[PDB]
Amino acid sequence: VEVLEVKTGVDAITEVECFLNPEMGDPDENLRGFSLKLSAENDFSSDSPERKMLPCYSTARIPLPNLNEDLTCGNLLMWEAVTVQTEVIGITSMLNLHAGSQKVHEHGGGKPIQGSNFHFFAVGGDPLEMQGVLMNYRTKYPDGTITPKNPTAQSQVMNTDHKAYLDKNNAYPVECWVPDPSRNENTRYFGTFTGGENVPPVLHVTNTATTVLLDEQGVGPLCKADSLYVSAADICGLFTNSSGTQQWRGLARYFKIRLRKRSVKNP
């Protein structure tokens, strides 16, 4: 994480950079970036996934410099996020087909990482607001996770009780929570889910792509309590061991966020 004053003064620009690590489960000291092997075929009535098998959303709050010397002014300044550049880091590591992965056929190379994937990021001036939805409301989630409380069969579709802030790193399982489109007034989020056994990962990198964060009125996320929030989930697919066991593989996400100062009325 670096917070850099690119330009100072009234028209100040600050660039915040950071690399957000993935939270795939990390089943031993050597397997950072992977999950525990996947179980299968648990009855819905006895579905108790292990903690280290569940990828969780990544998040961080980045403190920004205070802008207001006198808190009793009629107007106060706030950091406004204007643009974000982002990409997934280490995509070429998946070209290692010699380590650990099941041969595609006799005398062949290892099997590429492939299968269901989810790539998501958000940038806001408040914590990302999430809505809970479950495959199976009867899943018994493990200690260390934060999941929908008092779920019912309606939790498999839409149960408006399941509202959360993404307010803890490595705790909200990706399978339990989605960004909430009915809230998030002060966050922009973007995600794509691609499901299936043989889905190919397709990932682009370039330092020439920028996403504008301004809304229809030309206003970007406003950093409340001088806090910038970054969130991500980048499940790249499944790694298949020679035994046949499968593990999720994730990668870190880079953010470069440009901010300016906006004058707001003192509430």
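One-based numbering along the sequence shown.
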| As stated in the PDB record, which stretch has the larger average Cα B-factor, 64-72 or 215-223? | 64-72
| remark: Mean B factor on CA atoms, stretches 146-154 and 182-190, record says higher is 146-154
| message | Looking at the C-alpha B-factor values in the deposited entry, which of 98, 119, 107, 111 comes out highest? | response | 107
| So among 174, 77, 81, 91, who wins on Cα B-factor in the entry? | 77
| request: Classify residue 21 as lowest, middle or highest third according to the C-alpha B-factor given in the PDB entry, relative to its own chain. | output: middle
| note | Chain-relative C-alpha B factor for residue 36 (record values, thirds): the middle
| task | Within this chain's modelled residues, let me know which third the CA B factor of residue 197 belongs to: lowest, middle or highest. | result | highest
| remark: Here the Cα B-factor of residue 243, set against its chain, lands in the third termed highest
| task | Would you please rank residue 159 by its C-alpha temperature factor against the other modelled residues of its chain and give the third it falls in: lowest, middle or highest? | result | highest
